[PDB]
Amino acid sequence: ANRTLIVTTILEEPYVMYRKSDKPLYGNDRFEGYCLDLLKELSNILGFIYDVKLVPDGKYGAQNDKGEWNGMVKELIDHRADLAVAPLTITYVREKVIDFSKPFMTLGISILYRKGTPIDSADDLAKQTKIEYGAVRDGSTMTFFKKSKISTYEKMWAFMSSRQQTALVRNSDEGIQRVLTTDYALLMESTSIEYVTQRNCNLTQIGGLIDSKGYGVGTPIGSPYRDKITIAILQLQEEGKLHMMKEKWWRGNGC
């Protein structure tokens, strides 16, 4: 408990954001959000100090054809970060190469679209071509479709990848702008959809959850921190703190 832990993260509202201030902010103070509040709580419970670095390449983490990982996942593999604290989705393929705490938040893939249409499910998207749909390129949602053996999701992946230049987007902001200004539905995690729909009363989640998973803190395989982090997350849940943090960043208060 002396060396400063390096934490890798990624910009994604309301998890991780640049704090605004009339005066200059330095180091960790530049960042705010649900995950920064979480990290602070974890650091208090476990008694460590930390240095927040964005993932250099700006990516969550995916495998290329040669099987090579990038993004926050690779930062951990290569021991360039001690922890990843982000909306980092716990997946089977990632568990092969990094360890995750128990989840601090649960979510599933769902659909962000506008209100007032006859679209009620992924099946409604899949059976037509007029409304475009896609996902953020190279994250867990995209990979879910790429790897699905379910007929509907296979059809959807065929659509997304055949029209990849338009259907797949670079980040959440691009995807939301597409929903706002074109006839487009974004495949998106339910937690992130909820943030958006609270802030724009024209937008809605369409249908239910397409899968069921969690965000967890990532560590390099074998890290002693992983189980300690799980214990801390369990404590925060027990204390009602995870609920309070969600309400602070999704609803409003407090503050």
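The first residue of the shown sequence is 1; numbering continues from there. Take the two forms, find the largest set of C-alpha atoms that superpose within 1.5 Å, and that set is the rigid core.
Rigid core superposed, root mean square over structures and residues, which stretch has C-alphas farther from this form in 8 other deposited structures of this protein, 30-38 or 204-212?
Stretch with the larger root mean square C-alpha distance in 8 other deposited structures of this protein: 204-212.
What stretch shows more C-alpha movement in 8 other deposited structures of this protein relative to this form, 120-128 or 154-162, after the core is superposed?
Between the two stretches, 154-162 moves farther in 8 other deposited structures of this protein.
For the C-alpha atoms alone, is the average B factor greater in 28-36 or in 66-74, going by the entry?
According to the entry, 66-74 carries the higher average C-alpha B-factor.
Test of understanding: from the entry's C-alpha B-factors, which stretch has the higher mean, 171-179 or 95-103?
Comparing 171-179 with 95-103, the higher mean C-alpha B-factor belongs to 171-179.
From 141, 152, 110, 89, pick the one with the largest CA B-factor in the entry?
Going by the entry's C-alpha B-factors, 152 comes out highest.
Tell me, lowest, middle or highest third: where does the Cα B factor of residue 43 rank within its chain?
For residue 43, whose C-alpha B-factor we compare with every modelled residue in the chain, the answer is the middle third.
How does residue 1 rank on Cα B-factor within its chain, lowest, middle or highest third?
Highest third, going by the recorded CA B-factors of the chain.
Based on the deposited C-alpha B factors for this chain, I'd like to know if residue 222 is in the lowest, middle or highest third.
According to the entry, residue 222 has a C-alpha B-factor in the chain's highest third.
Split the chain's modelled residues into thirds by Cα B-factor; is residue 119 in the lowest, middle or highest one?
Middle third of the chain for residue 119's C-alpha B-factor.
By its CA B factor, does residue 244 count among the lowest, middle or highest third of the modelled residues in the chain?
Tercile = highest for this residue's CA B-factor.
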